[PDB]
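**Q** sequence, then structure. It's an experimental one.
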Amino acid sequence: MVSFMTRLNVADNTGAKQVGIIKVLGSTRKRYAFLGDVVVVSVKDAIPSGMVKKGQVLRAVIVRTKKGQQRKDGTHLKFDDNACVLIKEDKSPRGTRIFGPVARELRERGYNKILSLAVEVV
Amino acid sequence: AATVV
Amino acid sequence: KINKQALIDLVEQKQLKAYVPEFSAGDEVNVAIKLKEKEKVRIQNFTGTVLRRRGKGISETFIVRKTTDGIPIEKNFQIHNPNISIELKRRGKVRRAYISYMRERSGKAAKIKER
Amino acid sequence: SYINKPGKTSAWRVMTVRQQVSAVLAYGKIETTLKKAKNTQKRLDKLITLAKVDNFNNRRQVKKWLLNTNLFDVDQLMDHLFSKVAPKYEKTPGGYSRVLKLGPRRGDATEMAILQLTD
Amino acid sequence: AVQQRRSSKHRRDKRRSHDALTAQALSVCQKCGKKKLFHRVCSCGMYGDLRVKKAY
Amino acid sequence: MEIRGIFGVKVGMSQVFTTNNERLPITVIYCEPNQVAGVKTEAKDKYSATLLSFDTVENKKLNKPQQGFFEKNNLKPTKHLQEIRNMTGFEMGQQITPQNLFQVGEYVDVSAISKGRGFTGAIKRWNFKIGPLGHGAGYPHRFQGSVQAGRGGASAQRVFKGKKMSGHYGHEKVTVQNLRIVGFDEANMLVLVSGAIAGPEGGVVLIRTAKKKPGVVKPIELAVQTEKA
RNA sequence: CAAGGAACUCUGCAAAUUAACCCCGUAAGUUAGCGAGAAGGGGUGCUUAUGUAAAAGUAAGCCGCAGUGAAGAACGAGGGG
RNA sequence: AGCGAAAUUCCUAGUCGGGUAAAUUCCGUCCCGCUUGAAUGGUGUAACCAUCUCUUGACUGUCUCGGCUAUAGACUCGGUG
RNA sequence: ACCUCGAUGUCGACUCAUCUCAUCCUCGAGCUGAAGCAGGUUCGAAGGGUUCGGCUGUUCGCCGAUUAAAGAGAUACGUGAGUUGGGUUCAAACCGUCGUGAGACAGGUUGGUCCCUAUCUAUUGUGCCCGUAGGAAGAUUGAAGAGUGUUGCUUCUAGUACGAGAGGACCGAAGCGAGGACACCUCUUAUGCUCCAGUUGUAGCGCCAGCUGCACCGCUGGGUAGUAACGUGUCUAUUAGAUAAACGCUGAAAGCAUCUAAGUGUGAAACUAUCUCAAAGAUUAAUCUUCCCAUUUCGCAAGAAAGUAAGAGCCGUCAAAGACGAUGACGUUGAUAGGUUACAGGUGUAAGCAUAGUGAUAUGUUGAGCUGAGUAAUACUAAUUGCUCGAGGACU
């Protein structure tokens, strides 16, 4: 689903377009990051202008997973791509605008800005 | 195999 | 002893709704879900098109797909589910009960309506 | 290992059932193994219970299994099936074929069985 | 791999101690003076009542 | 503990909704009434227990010893007999239903014989890892792994006792505890319990009071269908 | 064979795409011969009309998620010894 | 002369820079070249290599991580052995 | 230089581990250069866990990011009759050096075969026979055992105790996680070769149409039942008894003092049970219940020729089982298999016909036809009007 050494697109525009996973938080040998799982990431392909360059390491929250997950309620959410947003260290993201939908499960993790600047939450 | 050295 | 396996359907008749119409594989439908951030309930509107329809009871579930800002979104809906409103808007013609080719088609990805 | 014989596949068994049902429809008594008689019994009963409709739709659908025999070719055996086999068995629901067990064979001592019809 | 020490007659006999053939059940046909098997038909062609196979 | 037990047959599992917008998986058990056959008292057999019976069958085909025992004890001629340890407070010749042993949503545990699998491999049985598949594998590439405990008689030359090894799987009575009960049907005589239950459909199912949290309840309400035609 | 896509591992070893025909477009470098099928793309089914001997080509219409629908056809680039 | 940690280099994982999130490998320069070196040839070289090595796009059960199906064996039975 | 050359197969990696504690973490305590968080040190403790990658063949090492940590060692520096060959190292060749030469180099490079069908033992399963002073059927208890025992994050307690400001709790409670395990196919997927639909080439059923065979199940899109995880449920506790380290009261010896001599205690993932599984082959062969037996009776007086009537077995159709065997349900007083009917699911408008169209084709008849396992009814087919073993309860 989402695991080590995974390249994915960037839902917001801090300067980066393609981002690779480097490790997944939680206990040892997590090997699977779900929606809302903080992940250490690196930038691979990025536009020149912005506040980031190619080489830095940041922390990100996944907002889109192609496989999806069976929610506690019973409904299932799916995607056709993989999107992530970047944060500095706090729940507040660095991004100025978030493109595309964001999962509702993130409400259970904080990050109120993600809900606040979403085009429409699924 | 062989050649135990 | 002796049974008929209709007890599966017998313990079932306590949770069905009889207002769901018929819609097979390629129709444009809308669904609303009740979200509870607080005792104030919010009515999420979810338009889309039928992708699959399969089940043997409460397991009867369908798939709704929408597109927004170039990104497509999939969802599974249980036909028999409280706080779920199901309506039919447009009917089309498809030759497959489940359509899988839609996952890689956007742009003139539409079904001619039924005649 | 490697290239050794394909052996029994879906094709081979479907032939075996088709050819055995054709033969039993031609004559009415077949010597085979018990577990092959069990395999061909389902197709035999399905075909002979579908035979009793006497219309072109089922006449077409039955062609998927029948095949010619040493004494009659495909067409005459087809006509015979609805001429005197189908119109004879209509008041009794299914179960028209029976299997009886013989002694072990001489060569491989395998289980031999008679498959036959019953009035 | 191979055996290290020769297996005497004792080992082979204790190994074949359970290999003997068991008798197969037999029954007498009603109109056939033969000692045929159980649930089977002998060389004269009767399972009893219904006939089925040639005389020989 | 004052455990309460009852018997049934797993007939199939289906899901039913509840409040708070939660989806629950539920198994359905046909609860034929059990009939007490004996009370193992602490004074006579030195252990408290209760022996019951179920699956009544026609008396003629039933064996002679069981028929005589049931005739002398004045019980329903049944097919299965079994007892539960540490169950007291029931007289001989009594009726048992799951609607006077349990509450609406109290915790229980369920036991049944595990479904068989045939002679399985080591990796599938003890969740081992398949070895390499490329760069050369040898004639085995799916097997137990090293069973070595050492080479030489100083520490080894015997295979350790009870080491995880290939063999029979399943067909052994396993148990999963801490399951919430959801649905009672005295009109159709069925019990609907959350989670999943080991054992194939058509076997024996034993529902007992959970040894972890006896007499612990939690309210669960069946969801209602509002949108009507 | 889900998602990830070399994280495997002594190293992409093995395994996967690309194939046939037709139509577009092709570098750095060079001994000016090549490199080169470079790279990177588009069409291929059916019917009718036109078009030649047939094809090819064009247009109109039709169906299927898919049309050398099956079967046989080169993974590529950059740098070095 | 030329070339130069090169298949040559002991200290060596020499220094620095490029490449990577992170580099005893790879590329470019620096040269107390322990022992480079001129027909036992030195340097550069277009095309080619079932040659070796490094990076990379697609690519995939190599892998995170195991599962199913079909056979032919292996397993029971009959004959030989 | 003691055992091996009439061969004892040598690193590392992979899988699988097991053991010791001189503890890497979680746990308890003392001291402090312990204000509180975060520490340092020492004692007690082996139940569990103790990461993923780049470089190099590598252990080691360096580096990067995590976490509770990325422990020290051993087991022929664990394990090639379980895998690999990356190397020392076999024959080829090269660069540098030594050698006047064949050639050599702890100088380095490119290429280079890993044999073996399991006897005993040991082990995981699964059986036949026999045994427990009658047999059979069940249900039991438990002698000795096996497995499970890992923890994080956020919030309240509370910015309270502490400190001054920065900073910041012990003690408990609640909610959600990772890893491992037991299961289970309702949802999601994977598979699903006698399922469905579409589809190219080709040879046939004489041609149209419709089918059949073949081309990896011919290919493609779905998909019954079953089996599976990436899927969902739970397990990871609580407490009792005796304890280590330590902590005490009372108390003298030794009028004081002192946790000890008597006594009475507190005290941890350790220890016995509390959880799960099996178990009377536990020969020391255990307990209870129901059912069965009665034909005089002789020879070398032994209870002997009649050996159930309780039941079991032979054989048969099967799977909730399954390599074989067993186990489990049923054997004409039957629902076990097969067929038929009905129904569920899947598939998606069978074929023919009618109409529109010059033709690919389109609409109605039609949500129709089809279907291995799916659910149940139904004696139509299959399980015969069969055969064998099998009782007189030894003495006190």
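**A** Thanks, I have it. Numbering: from 1, shown residues only, chains lettered A, B, ... in the order given.
**Q** so how far is residue C:16 from the closest residue to residue C:60 other than its chain neighbours?
**A** Using CB to CB, 6 or more residues apart in numbering or on different chains and skipping the chain neighbours, the partner closest in space to residue C:60 is residue C:79 (4.6 Å). Placement of C-beta: from N, CA and C, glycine included. Distance of residue C:79 to residue C:16, computed by CB to CB, to the nearest Å: 9 Å.
**Q** and for residue D:85?
**A** Shown here: residue D:85 relative to residue C:16, a distance of 48 Å by CB to CB.
**Q** tell me which stretches of chain E form strands.
**A** Assigned by DSSP state E, the strands in chain E fall at E:26-28, E:35-37, E:46-48, E:50-51.
**Q** got TSV for those, with mean neighbour count too?
**A** What follows is those, written out as TSV (neighbours: other CB atoms under 10 Å in any protein chain shown):
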stretch	mean neighbour count
strand E:26-28	12
strand E:35-37	14
strand E:46-48	16
strand E:50-51	12
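**Q** adding distance to RNA strand I, write those out as JSON lines.
**A** JSON lines is the format used below for the strands of chain E (distance: least, CB to the nearest atom of the strand, whole Å):
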{"stretch": "strand E:26-28", "distance to RNA strand I": "3"}
{"stretch": "strand E:35-37", "distance to RNA strand I": "7"}
{"stretch": "strand E:46-48", "distance to RNA strand I": "3"}
{"stretch": "strand E:50-51", "distance to RNA strand I": "7"}
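**Q** in TSV: these, plus distance to residue C:60.
**A** As requested, the strands of chain E are exported to TSV (distance: least, CB to CB, whole Å):
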stretch	distance to residue C:60
strand E:26-28	56
strand E:35-37	55
strand E:46-48	51
strand E:50-51	51
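**Q** for chain F, find the nearest of these.
**A** Closest of those to chain F is strand E:26-28, at 24.5 Å (criterion: CB to the nearest CB).
**Q** just checking: what are the partner strands of the closest one?
**A** strand E:35-37 (antiparallel) (DSSP bridges).
**Q** how close does the residue nearest to residue C:60 sit to residue C:52?
**A** Distance from residue C:79 to residue C:52, by CB to CB: 12 Å.
**Q** and for residue E:49?
**A** Remark: distance between residue E:49 and residue C:52 (CB to CB) = 57 Å.
**Q** what of residue C:33?
**A** Distance from residue C:33 to residue C:52, counting by CB to CB: 19 Å.
**Q** and the strands in chain F?
**A** Counting by DSSP E, one finds strands in chain F at the ranges F:5-13, F:16-17, F:23-24, F:26-30, F:34-40, F:49-56, F:78-85, F:95-96, F:107-113, F:173-185, F:190-194, F:204-209.
**Q** which one of those strands lies nearest to chain A?
**A** Chain A sits nearest to strand F:23-24 of all these, at 3.3 Å, using CB to the nearest CB.
**Q** how about the residues of chain D near RNA strand I?
**A** Residues of chain D lying near RNA strand I by CB under 7 Å from any atom of the strand: D:9-11, D:13-14, D:17, D:34, D:38-39, D:41-43, D:45-46, D:49-50, D:56-57, D:60-61, D:63-64, D:74-75, D:92-101, D:118.
**Q** in helices, which of those fall?
**A** Among the residues of chain D next to RNA strand I, DSSP state H puts D:10-11, D:13-14, D:17, D:34, D:38-39, D:41-43, D:45-46, D:49-50, D:56-57, D:60-61, D:74-75 in helices.
**Q** next one: the residue nearest the centre of chain D from chain A, what distance?
**A** Residue closest to the average C-alpha location in chain D (CA atoms, centre = their mean): residue D:21, at 1.7 Å. Going from residue D:21 to chain A by CB to the nearest CB, to the nearest Å gives 47 Å.
**Q** once you drop chain neighbours, what's closest to that residue?
**A** residue D:44 (5.1 Å).
**Q** and that neighbour, what does it touch?
**A** By CB atoms under 8 Å, 6 or more residues apart in numbering or on different chains, residue D:44 lies in contact with D:21, D:24, D:96, D:97, D:115.
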